[PDB]
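Listed next as structure tokens is one chain, alone, in the form deposited in one PDB entry.
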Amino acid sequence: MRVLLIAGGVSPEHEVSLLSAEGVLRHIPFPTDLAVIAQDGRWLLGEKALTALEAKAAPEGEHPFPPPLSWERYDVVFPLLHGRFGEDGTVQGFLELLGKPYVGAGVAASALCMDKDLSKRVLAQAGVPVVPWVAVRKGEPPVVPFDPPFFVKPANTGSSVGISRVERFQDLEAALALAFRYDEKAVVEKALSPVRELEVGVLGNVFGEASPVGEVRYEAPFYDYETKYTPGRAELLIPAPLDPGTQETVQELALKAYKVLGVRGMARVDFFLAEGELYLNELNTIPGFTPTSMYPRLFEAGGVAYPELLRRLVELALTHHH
């Protein structure tokens, strides 16, 4: 059984994805080759990918897409890319057309969970509590019916890139300008403050199994990029110090969202807790596997060891593809 693991990517989460690949490669129990997508979109294979892994960033690649890769030599593809062009259904569409089993969410689930506006519309209709928000298109003025503080985001982002906590209505124009450098659509959400951030891992095809609930504790004004990936800046509380009824509701809501969106393989489902009210923040279908990442730690605490977790992901890929 040969696995092809793809990491890097052209999204702002390129470096995060190479850290994820280091984590997965340390534990995956199958023979596994790495393929790296550089920041310019060109791929690196063989020894050049392993070199780029060691540098933790590859700004330039060798082969334009699609790469001269002998796909038939691999049984499963593990797309370990985060964000645009990797977690959003693009890579998944390519792999579906390749006819190759692959780890994680299909095209629709991936595209929808990446879009913070569309996912919120689906989940809100399904009865899942979400934060008040509006969508904003580039070149169009925002119509924000709620009062600040706000969070402003590109609709398709990850690792808090392009996100701003906005406290003045006057700072909203600059915040949207920054958001529009990453996407043609943005979301303005009502900021919850104070807020506790809860995350729960799901594993399985449509009908999921939930991990224990974890909590993110930090000092920064929000869980920003620097706080997410700088060692020691975030404390992951596993399991979270959470009252029993809320813990139960987090797991029920995560599994319901997972099923409604038809997610396969895995997701990390993230929630806000403010004044005793739960809100589903987002699903992430390719969660990070970095040394500061929550998803593998959550399942390790729930009795699913890191090599067992990757085995299940690979086996869920084979099972769905039949």
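Throughout, rigid core stands for the largest set of C-alpha atoms superposing within 1.5 Å between the two forms. Residue numbers run from 1 along the displayed sequence.
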Does residue 228 have no coordinates in at least a third of the other PDB entries examined?
yes
Decide, for the other PDB entries of this protein that were compared, whether residue 182 is missing from at least a third of their models.
no
Between 122 to 130 and 212 to 220, which has the larger average Cα B-factor in the PDB entry?
212 to 220
Would 295 to 303 or 8 to 16 have the larger average of its C-alpha temperature factors, as given in the entry?
8 to 16
When the entry's CA B-factors for 207, 85, 78, 146 are compared, the highest one belongs to 146
Choose from 89, 245, 142, 154 the residue with the greatest Cα B-factor as stated in the PDB record.
142
When the deposited Cα B-factors of this chain's modelled residues are ordered and cut into thirds, is residue 108 in the lowest, the middle or the highest one?
lowest
Using the temperature factors of the C-alpha atoms in this entry, rank residue 32 within its chain: lowest, middle or highest third.
highest
Could you tell me which third, lowest, middle or highest, the C-alpha B-factor of residue 284 occupies within its chain?
lowest
Using only modelled residues of the chain, where does the Cα B factor of residue 65 rank: lowest third, middle third or highest third?
middle
Lowest, middle or highest third: where is residue 159 by C-alpha B factor in its chain?
lowest
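Below, we turn to the form deposited in another entry, even though it does not appear here.
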Residue among 166, 77, 130, 198 whose Cα moves 2 Å or more between the shown form and the other one, once the rigid core is superposed:
166
When the rigid core is used for the superposition, does residue 107 move between the shown form and the other one (threshold: C-alpha shift of 2 Å or more)?
no
Would you say residue 32 moves between the shown form and the other one, meaning its CA shifts by 2 Å or more once the core is fitted?
no
So, superposing on the core, is the move of residue 140 at the CA at least 2 angstroms between the shown form and the other one?
yes
Thinking of the 3 angstroms or more shift, are the C-alphas of residue 195 and residue 292 brought closer or pushed farther apart in the other entry than in this view?
farther
